[PDB]
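Any value given below was found using the heavy atoms of this structure, including those in side chains, with hydrogens, waters and symmetry copies removed. Sequence lines set the chain letters: A, B, ... in the order given, protein chains first and strands last, and positions in each chain run from 1.
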Amino acid sequence: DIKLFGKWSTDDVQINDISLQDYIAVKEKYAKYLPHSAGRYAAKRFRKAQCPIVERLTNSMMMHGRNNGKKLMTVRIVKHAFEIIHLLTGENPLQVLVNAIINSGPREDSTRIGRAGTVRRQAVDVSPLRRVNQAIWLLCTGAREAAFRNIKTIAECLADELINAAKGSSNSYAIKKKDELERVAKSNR
Amino acid sequence: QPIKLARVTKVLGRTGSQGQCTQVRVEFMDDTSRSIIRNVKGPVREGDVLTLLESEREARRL
Amino acid sequence: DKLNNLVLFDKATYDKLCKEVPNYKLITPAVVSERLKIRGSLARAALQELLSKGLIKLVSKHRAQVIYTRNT
Amino acid sequence: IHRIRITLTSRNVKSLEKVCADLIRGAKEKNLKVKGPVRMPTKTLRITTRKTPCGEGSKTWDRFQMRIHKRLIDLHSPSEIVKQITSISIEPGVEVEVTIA
Amino acid sequence: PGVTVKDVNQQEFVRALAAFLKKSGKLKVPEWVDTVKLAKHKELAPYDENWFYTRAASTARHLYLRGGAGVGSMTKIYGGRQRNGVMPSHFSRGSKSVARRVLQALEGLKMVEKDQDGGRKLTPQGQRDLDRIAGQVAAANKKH
Amino acid sequence: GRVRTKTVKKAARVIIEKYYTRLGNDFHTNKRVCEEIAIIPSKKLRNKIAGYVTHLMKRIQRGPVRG
Amino acid sequence: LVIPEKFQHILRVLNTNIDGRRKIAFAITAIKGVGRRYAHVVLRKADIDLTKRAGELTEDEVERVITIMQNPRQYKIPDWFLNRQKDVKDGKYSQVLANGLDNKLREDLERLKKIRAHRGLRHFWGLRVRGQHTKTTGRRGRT
Amino acid sequence: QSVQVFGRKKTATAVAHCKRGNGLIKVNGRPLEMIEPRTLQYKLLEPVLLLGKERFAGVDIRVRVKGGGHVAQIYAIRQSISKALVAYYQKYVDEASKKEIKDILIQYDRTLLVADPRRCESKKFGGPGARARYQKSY
RNA sequence: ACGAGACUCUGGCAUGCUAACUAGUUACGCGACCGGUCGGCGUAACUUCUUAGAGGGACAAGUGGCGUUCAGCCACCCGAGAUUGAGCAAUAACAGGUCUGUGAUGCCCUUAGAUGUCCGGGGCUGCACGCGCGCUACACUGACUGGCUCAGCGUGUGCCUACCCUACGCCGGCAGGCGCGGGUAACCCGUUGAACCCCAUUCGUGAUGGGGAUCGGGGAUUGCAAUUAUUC
């Protein structure tokens with residue numbers, strides 16, 4: 001087979017970015033089944049870029065030190081809630097995933113300029129990689145806080161967080177804090 | 001606030017207080033007759049595309 | 001903080017469960033325990049009873065992660 | 001009996017290997033069934049210690065290291081030939097022994 | 001083309017072994033089941049009330065895998081990290097009394113026999129019974 | 001981080017200035033001739049010297065070299 | 001099926017009101033002797049339905065629990081498992097769980113207080129007598 | 001009949017002996033798809049799902065795995081299997097079949113034919129971890 | 001010229017070579033399964049995984065571009081490796097520390113009302129707060145029944161060196177016991193059956209079962225003595 005997890009279709013992926021697809025793309029022969037191939041992607045600049053999105057996003061689950069390096073839990077926790085998402089939504093655990101991340105990544109940030117600038121900042125464009133990495137962390141942080149002292153468990157916060165991100169709702173922590181940072185930047189333009 | 005794409009043609013340099021911005025020249029697709037200078041935040045590449053929220057704004061050059 | 005949940009059969013536990021609980025599209029022990037505010041022990045007992053009846057479909061089983069889908 | 005072993009224990013690899021090659025060549029010269037140089041796993045003793053005499057300054061630990069090596073060679077021969085081939089002007093600093101089965 | 005002793009899920013294979021043994025009911029239990037702590041890392045009392053059957057089945061499986069597992073091998077199979085609270089924990093061997101009682105309970109019941117190298121091994125009749133169990137449980141869902 | 005020390009550069013210059021005829025353009029032959037006609041007490045040093053010798057041969061073909 | 005009679009949310013063991021919202025074998029931990037592995041042992045030797053809920057527990061089962069826990073001689077459980085092994089005053093090895101006397105047994109320092117031992121003096125000052133360093137640490141409990 | 005090509009991952013290793021037989025594969029004297037974690041079963045199963053079962057229906061491969069660490073024990077089984085097939089085909093049958101299988105796997109995954117260069121770095125003194133040092137007093 | 005680099009040690013490659021019956025493929029009742037998994041055996045091929053020796057191998061070497069077309073840098077083919085990690089580490093100095101290592105010590109204090117091994121009898125295990133190097137913790141990211149399949153470095157039974165790591169049978173919850181005990185070594189520990197997890201009762205959203213951090217009581221092995229239970 002060539003499908004993700006043997007159930008997720010590989011052929012109905014959409015461009016959906018025209019020319020930003022080069023950094024969010026799962027359509028090649030390297031798109032493997034189980035997102036677990038050790039940590040050889042963080043060894044050189046943009047050798048992470050050729051990695052498929054599913055792999056990096058399941059990698060970004062292990063935070064807080066208590067669950068550091070528990071990639072088995074991460075792949076199980078992604079397989080669960082993937083077998084859920086499409087189910088509750090209906091599309092393709094993939095297409096929904098790319099749409100959710102694209103909707104959860106900021107596009108404009110604020111940076112200080114000059115040798116001694118200490119009063120004002122300036123608006124700057126955000127590169128694909130930076131926003132995607134940040135968005136994945138936001139999604140993971142939202143899942144963690146929906147699983148922290150809350151009635152919801154792991155491998156389930158991710159599903160509804162991704163559904164909200166695809167929907168564009170303010171329920172998800174990701175896009176709501178994206179909007180907060182965007183408002184800060186807009187006041188800082 | 002329209003959003004448009006422009007192709008990177010020459011990565012001019014790296015600036016910023018501690019250094020976080022890449023100043024780069026981008027040529028628009030739909031015109032190809034006008035190019036601008038933008039400081040993109042985050043790891044950027046050569047020949048890729050960048051999403052700008054404002055086309056009338058340019059960062060400091062040199 | 002504190003969450004007082006009933007730990008015995010009562011009027012609310014059995015009612016709106018034969019249809020309205022599988023009437024949703026997403027059913028899990030977390031989902032049922034949240035949309036009914038009952039302990040997961042009796043919820044899992046009812047789920048096992050219904051599975052022995054064979055009207056809901058299991059996707060995953062665990063002591064902390066069980067997945068159900070409508071089969072009626 | 002035809003069950004004779006010889007044991008060469010040392011610290012340097014060059015002198016021990018030259019001695020082993022000399023012994024194997026000499027035992028090959030006479031028509032002997034000799035087992036080749038068996039290399040026992042070298043053992044290195046690690047000693048991380050204080051550098052300063054009195055505790056003062058930075059915690060710099062001297063990792064003194066001694067590696068020792070052992071070779072065992074079996075051969076089926078008259079023991080008189082074993083004695084006559086042992087005294088072949090062996091290298092200083094190598095300990096050579098003869099073991100019976 | 002024959003049947004493999006380990007072609008089944010070892011978890012479900014050992015569960016089938018426990019079910020077969022408790023259907024047989026031959027293996028006895030000692031009088032006390034509440035005195036022994038049963039694990040230097042344990043925090044409470046075991047919640048099975050039948051852990052002797054599972055222990056015997058698992059130990060017979062282990063003796064099938066390899067022999068010589070005498071008094072000194074079993075205690076370190078389940079022995080492990082022992083929480084000392086604030087102190088960094090350390091490895092502690094399993095309780096020797098209950099392990100020795102298990103060794104005496106498995107002995108003398110026509111499944112475990114003495115071997116030249118010490119410890120004990122599995123009598124071939126028990127191996128044939130386990131192979132029959134494995135074949136049946138394979139035909140249950142793996143051969144249909 | 002692949003700048004050549006003056007030992008390698010000077011040895012390559014001397015070898016090229018004395019033994020132009022023997023050496024060629026393939027590193028695996030320059031290393032052999034260099035180890036033949038020189039006392040190089042290390043394999044790594046010989047590899048570095050031969051690599052810079054091959055680079056110097058690629059330099060001379062396009063024109064005379066200053067050094 | 002389920003029991004509609006006798007249903008009480010309180011299991012009175014020592015004229016006390018314990019929380020019934022907790023499941024069995026864990027809610028009874030509140031007693032000064034019953035709890036942790038002690039409760040597990042007494043309910044395991046009680047031979048009752050440990051898989052049932054606390055609400056479905058009947059009066060007869062709590063009565064059986066009281067009978068088994070009153071007599072450590074009911075099932076020949078050795079004395080060392082108990083906390084009052086090798087008792088003071090008189091050699092005592094049975095079990096009696098009751099309020100108003102258990103704290104006096106806890107007040108076993110007064111006997112050694114009367115012997116003015118080093119342990120007695122250390123107990124007088126409220127310090128950790130097991131050799132714990134109290135040089136300047138220990139700021140909790142003094143405001 | 002036997003190539004014994006082995007395969008490495010961390011300090012752990014796996015040896016896949018390949019012979020002419022029924023085509024069935026055994027690992028640790030056991031069938032293939034019942035490994036207890038059941039999480040990375042397809043990770044080691046990749047060769048079959050990539051090259052097809054027919055390429056795996058003419059060689060009997062017995063794989064033995066030894067080395068500390070359970071995740072280190074896995075990730076060498078599939079590399080050993082691929083290397084065993086490559087060596088067996090090159091030694092016995094012809095070049096073209098092994099060429100196609102190696103080309104397909106490499107275009108899929110490069111790691112299936114070459115070992116991992118990564119290994120655990122030593123720990124230098126003055127700190128709790130490998131690179132990390134003790135907390136300074138300021 | 002010194003320092004840097006080179007260099008020494010270490011690892012990423014050796015189906016090329018010298019090779020062992022301590023570790024081991026491939027090898028037929030013996031121990032068995034309706035042609036197949038099973039550390040109980042022995043010679044055979046003589047080394048692939050196993051150990052360590054000679055070597056060899058990587059050189060910004062081969063392409064694309066940038067570069068005062070230089071020194072170099074950035075990507076790709078190939079390759080095990082396209083920056084493995086340490087050791088050593090220069091001028092000249094600090095009134096830095098060490099006279100509590102010195103039987104290396106100078107000069108004052110010494111020269112018995114001593115400034116030592118002798119009872120160890122005697123103490124930093126004494127407390128009204130803060131700075132200074134970590135672990136448990138905050139859980140439905142996991143405590144939790146066990147089903148489990150697997151390590152690396154190495155000290156290890158004594159020309160005054162008594163102190164050694166661990167299997168058979170039994171006892172006991174625990175410290176241990178007795179007969180030979182396996183250890184001149186990869187033969188013995190041990191196919192080091194260690195940490196998480198693939199599951200098995202509770203918790204199903206917590207002050208509790210985790211936090212046992214503070215007070216009761218039971219035992220052993222080197223201890224003339226373990227009180228201020230230091231030790232399990």
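Of the candidate nucleotides I:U149, I:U205, I:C73, I:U149 has the atom nearest to the side chain of E:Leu65. In this structure, the nucleotide among I:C38, I:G154, I:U205 sitting nearest to the side chain of D:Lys43 is I:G154. Across I:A14, I:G147, I:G209, the shortest atom-to-atom separation from the side chain of E:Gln11 is found for I:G147.
Between E:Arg83 atom CZ and I:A195 atom P the separation is 13 Å, expressed in whole Å. As a whole-Å value, the separation of H:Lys91 NZ from I:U48 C1' is 12 Å. A straight line from OH of E:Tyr78 to P of I:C144 spans 18 Å, rounded to a whole angstrom.
E:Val86 comes within 4.0 angstrom of a nucleotide base, judged by non-hydrogen atoms across all strands.
When the side-chain nitrogen and oxygen atoms of G:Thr137 are compared with OP1 and OP2 of I:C127, none of them lie within a distance under 4.0 Å. Close to I:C171, at under 4.0 Å from its OP1 or OP2, lies a side-chain N or O of E:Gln104. Between F:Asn47 and I:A61 there is no side-chain N or O to OP1 or OP2 distance below 4.0 Å. Proximity of H:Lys10 to the phosphate of I:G152: no side-chain N or O atom is located under 4.0 Å from OP1 or OP2.
Rounded to whole Å, the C1' atom of I:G103 lies 33 Å from the corresponding atom of I:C124.
Taking the six-membered ring for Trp and thresholds of 30 and 60 degrees, E:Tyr47 and G:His40 have ring planes more than 60 degrees apart, a perpendicular arrangement.
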Quiz item: Could you run down nucleotides 2-12 of chain I 5' to 3' and tag each one B, S or - for protein heavy-atom contact under 4.0 Å?
Solution: --BBSS-SS-S
Exercise. Can you check each nucleotide of nucleotides 84-105 of chain I against protein heavy atoms at under 4.0 Å and return B for base, S for sugar-phosphate only, - for none, in 5' to 3' order?
Key: -SS-S-------BBS-------
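Contacts of C:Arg63 classified as side-chain contact (heavy atoms from CB on, under 4.5 Å), with partners at least two apart in sequence or in another chain: none.
Both E:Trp51 and C:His62 sit near RNA chain I, but only E:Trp51 has its closest nucleotide nearer the 5' end.
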